[PDB]
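Let me begin by presenting the structure, written as structure tokens, before commenting on it.
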Amino acid sequence: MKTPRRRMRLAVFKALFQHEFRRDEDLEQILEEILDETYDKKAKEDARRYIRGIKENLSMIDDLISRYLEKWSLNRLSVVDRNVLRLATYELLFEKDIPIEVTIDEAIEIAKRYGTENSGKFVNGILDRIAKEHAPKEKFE
């Protein structure tokens, strides 16, 4: 009953999604409502690190994503696409040990989950571009 990476990451995404409608609340507190007995010690630890990392680097993350947007602005994207991009960019830059392909493929899955095939393709395009110019060298192999 190990908690899979996909579920741990989805909890992070759910906290980001919910915060869009609860902007006066701390993203960390929102994550704590989502995390419960169904998540193991490692998944809780990981989700908390992700949420704190995204909160601590939000400006830099948003600014970086925006360098790849033109027709759409980060604020005009849906709550799903904006937060999938934030989550994936954080993971790409800061979670060493996760292959670029895993971050991108899983992020596309979340975008398709709550969006459409077109959402997935859109996300895929932006992330491929961010990864090819910003993936840390530890992920080259």
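Following the order of the structure tokens, first chain is A, next is B, and so on, with residues numbered from 1 inside each chain and ligands from 1 in the order they appear.
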Counting only C-alpha atoms, give me one row per residue of region 6-89 of chain A with an atom at most 12 Å from an atom of region 116-135 of chain A, showing the shortest contact pair and its distance in Å to one decimal, sorted by chain then residue number, as JSON lines.
{"residue": "A:61", "atom": "CA", "partner": "A:130", "partner_atom": "CA", "distance": 10.8}
{"residue": "A:62", "atom": "CA", "partner": "A:130", "partner_atom": "CA", "distance": 12.0}
{"residue": "A:63", "atom": "CA", "partner": "A:130", "partner_atom": "CA", "distance": 11.8}
{"residue": "A:64", "atom": "CA", "partner": "A:130", "partner_atom": "CA", "distance": 8.2}
{"residue": "A:65", "atom": "CA", "partner": "A:130", "partner_atom": "CA", "distance": 7.5}
{"residue": "A:66", "atom": "CA", "partner": "A:126", "partner_atom": "CA", "distance": 9.8}
{"residue": "A:67", "atom": "CA", "partner": "A:130", "partner_atom": "CA", "distance": 9.0}
{"residue": "A:68", "atom": "CA", "partner": "A:126", "partner_atom": "CA", "distance": 6.4}
{"residue": "A:69", "atom": "CA", "partner": "A:126", "partner_atom": "CA", "distance": 7.8}
{"residue": "A:70", "atom": "CA", "partner": "A:126", "partner_atom": "CA", "distance": 11.0}
{"residue": "A:71", "atom": "CA", "partner": "A:122", "partner_atom": "CA", "distance": 11.7}
{"residue": "A:72", "atom": "CA", "partner": "A:122", "partner_atom": "CA", "distance": 10.7}
{"residue": "A:74", "atom": "CA", "partner": "A:126", "partner_atom": "CA", "distance": 11.6}
{"residue": "A:77", "atom": "CA", "partner": "A:119", "partner_atom": "CA", "distance": 10.0}
{"residue": "A:78", "atom": "CA", "partner": "A:119", "partner_atom": "CA", "distance": 9.5}
{"residue": "A:79", "atom": "CA", "partner": "A:119", "partner_atom": "CA", "distance": 11.7}
{"residue": "A:80", "atom": "CA", "partner": "A:119", "partner_atom": "CA", "distance": 9.1}
{"residue": "A:81", "atom": "CA", "partner": "A:123", "partner_atom": "CA", "distance": 7.0}
{"residue": "A:82", "atom": "CA", "partner": "A:123", "partner_atom": "CA", "distance": 9.2}
{"residue": "A:83", "atom": "CA", "partner": "A:123", "partner_atom": "CA", "distance": 10.6}
{"residue": "A:84", "atom": "CA", "partner": "A:123", "partner_atom": "CA", "distance": 8.0}
{"residue": "A:85", "atom": "CA", "partner": "A:123", "partner_atom": "CA", "distance": 7.0}
{"residue": "A:86", "atom": "CA", "partner": "A:127", "partner_atom": "CA", "distance": 10.2}
{"residue": "A:87", "atom": "CA", "partner": "A:127", "partner_atom": "CA", "distance": 10.9}
{"residue": "A:88", "atom": "CA", "partner": "A:127", "partner_atom": "CA", "distance": 7.7}
{"residue": "A:89", "atom": "CA", "partner": "A:127", "partner_atom": "CA", "distance": 7.5}
Spatial neighbours of residue 8 (chain A), 6 Å, only C-alpha atoms, chain gap at least 2 places, as a list in words: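 Close residues of residue 8 (chain A): residues 5, 6, 10, 11, 43 and 47 of chain A.
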Print the selection's residues with N, CA and C atoms to a file, as a tab-separated table (two decimals), in the first residue's frame.
chain	number	residue	atom	x	y	z
A	5	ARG	N	3.57	7.82	-6.73
A	5	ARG	CA	3.99	9.17	-7.07
A	5	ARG	C	2.85	9.94	-7.73
A	6	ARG	N	2.09	9.28	-8.60
A	6	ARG	CA	0.99	9.95	-9.26
A	6	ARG	C	-0.04	10.50	-8.30
A	10	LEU	N	-0.88	14.38	-7.48
A	10	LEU	CA	-2.25	14.87	-7.65
A	10	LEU	C	-2.71	15.63	-6.42
A	11	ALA	N	-2.24	15.25	-5.23
A	11	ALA	CA	-2.64	15.97	-4.01
A	11	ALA	C	-2.09	17.40	-4.08
A	43	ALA	N	4.63	10.10	1.07
A	43	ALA	CA	3.79	10.92	0.20
A	43	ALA	C	3.44	12.25	0.88
A	47	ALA	N	4.57	15.73	-0.77
A	47	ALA	CA	3.57	16.73	-1.13
A	47	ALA	C	3.83	18.05	-0.42
DSSP says alpha helix (DSSP H) for which residues of region 61-91 of chain A? Put them as a ChimeraX atom specification? /A:61-66,79-91
Any idea what's packed within 12 Å of residue 9 (chain A), counting only C-alpha atoms, ignoring anything in its chain fewer than 5 positions away? Could you give it as number ranges by chain? A: 3-4, 14-16, 31, 34-35, 39, 42-51, 83-84, 87-88, 90-91, 95, 102-103, 106-107, 109-110
Distance criterion (only C-alpha atoms): nearest to residue 29 (chain A) out of A:12, A:99, A:141, A:108: A:12
Give me, please, the distance in Å between CA of residue 23 (chain A) and CA of residue 55 (chain A), quoted to one decimal.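 We find that CA of residue 23 (chain A) and CA of residue 55 (chain A) lie 12.6 Å from each other.
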